[PDB]
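Residue numbers (the deposited numbering): 19 to 517. Take a look at the structure below.
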Ligand code: NA
């Protein structure tokens, strides 16, 4: 299967996968649910709970205080936890293994799994449309729907690995990292994410509330505005993402020193977003839009980031549907911001209008050896207007272009449809101190006079296992590979599920 022919059956297929039939599982009685629950809360260090095959409704608030415990399905995929539940993991070195969360929802808004301890792990588990049973209504203050997460990490050295997160379709980031002032070193790797999408419950019908109701549907948010000026040093690596269309941000990085690398992002109308925080690296990802509307690569605020060796193909669309959220899309988008970083200006919680949750003009960004192939909007130099907040629609006055953006060895290849815009420069917001080394742009370049030099001649193109390899330029195909269910997600698939 070569790039343009990839589809979800290929990505999700593997011989290694067992099939678990939900219809073969018995529904635990109220008495048995209670018995399982006491087992959880009576755990001593070093013990294990093995959950017999079955469906367990409304376990509710499950607090694990023990350390070095495993809670696992007796057969992977065959312990289905339904109705309202939250595992509150307070101990260290707690592992949840082979669980299913479906036909129900989190018992508290920070998720079915609150990883509060250190060395907590969630593995081989599946969430299937876990959007139910909790109250979900526009609030009285401002008709805002509540944000419910599925997994949150509040400790150190968490792992979320080999899980399947399918069908998140009510508001709230699917995974949230809530961190303090020191590195977290979490690993979120080898997971499958599918079919996150907004406005399935008429949320957007309240027109006045759209800018915030249409926000907070990320697949993962690492950090938050208050914690954003500290390092997380977390990794979001080797994941497979299919039809993830939650909002403009697929992955919202809001802290420093993170790695967002080697993921395959297929037909997802949502971008990797370096939203707050410094020194993040986005590398070796395969972003395959497959001509789907409003697909895109990476959008960039703040400083010192490295964007290297990504392969971004067949993406489409420039303007997101909700206005006022700077939702400008393309392969790689250098956003405008609201602070004069060329003169050393910072966001600062004390400075009114320039608080840490606002928009840090990008500076000192290295963008090197990327291949953008058949991208309708390739490298887009930002021109967004910004509003005071998600709740205040006034426009900010004073908008700045990216600074010290260093472009080297990128290939933007629109030779197939050269009317597509390979590089969108703009005299409305000229980059400051931008540099160009051995760039190759084929296709429309707007306000091209702003760019010192580039080549319009593609080097020798070979197809090396389905990818375009450009001789001596662009993404090195040796560092790239498509993630499939051969390595991503759990070791089983479920049947007879209900959305
Ligand atoms: Na967002």
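Cβ atoms here follow ideal geometry from the backbone N, Cα and C, with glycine treated the same way.
Per DSSP, residue 294 forms a beta bridge with which residues? 272
Do residue 283 and residue 300 count as a contact pair if the criterion is CB distance below 7 Å? Contact check for residue 300 against residue 283 fails: the beta carbons are separated by 7 Å or more.
CB-CB under 7 Å to residue 273, same chain, minus the five flanking residues each way: which ones, in chain order? 197, 240, 241, 245, 246, 248, 249, 250 and 295
Under 7 Å between C-beta atoms of residue 313 and residue 287: At a Cβ-Cβ threshold of 7 Å, residue 313 and residue 287 count as neighbours.
Cα-Cα separation, residue 164 to residue 214: 16 Å
Residues near residue 321 by beta carbon distance below 6 Å, same chain, minus five either side: 296, 381 and 382
Say yes only if the C-beta of residue 158 is nearer than 6 Å to one or more non-hydrogen atoms of the ligand NA, and no if none qualify. no
Less than 6 Å between C-beta atoms, sequence neighbours within five positions excluded: which residues of the same chain meet that for residue 329? 304, 389, 493 and 498
According to DSSP, residue 395 sits in a beta bridge with which residue or residues? 439
Which of helix, strand or coil DSSP assigns to residue 218: Residue 218 falls in the coil class under three-state DSSP.
Backbone secondary structure at residue 55 - three-state DSSP: helix
May I ask you to list the residues that DSSP assigns as paired with residue 124? 103
Looking at C-alpha atoms only, which residue of 298, 229, 311 and 231 is the closest neighbour of residue 263? 311
Taking contact to mean 3 or more Cβ pairs, one atom from each stretch, closer than 8 Å, check whether the segment 174-187 and the segment 199-207 are in contact. The segment 174-187 is in contact with the segment 199-207.
Taking 7 Å as the cut-off, decide whether the C-beta atoms of residue 414 and residue 441 are in contact. In this structure, residue 414 lies away from residue 441, with their beta-carbon atoms at least 7 Å apart.
Alpha carbon to alpha carbon, how far is residue 482 from residue 21? Looking at the two C-alpha atoms, the distance is approximately 11 Å.
What is the DSSP secondary structure of residue 329, counted as helix, strand or coil? strand
For the putative contact between residue 210 and residue 506, defined by C-beta atoms under 8 Å, what is the C-beta separation to the nearest angstrom? With 8 Å as the limit, residue 210 and residue 506 qualify as a contact, their Cβ atoms being about 5 Å apart.
8 Å contact criterion, which residue 269 and residue 252 should meet: CB distance rounded: Not quite, the Cβ-Cβ distance comes to about 11 Å (not below 8 Å), so this is no contact.
Check whether residue 394 and residue 438 have beta carbons under 7 Å apart: With respect to residue 438, residue 394 sits close: the two C-beta atoms are nearer than 7 Å.
Suppose you measure from the CA of residue 134 to the CA of residue 126; what does that come to, to the nearest Å? 14 Å
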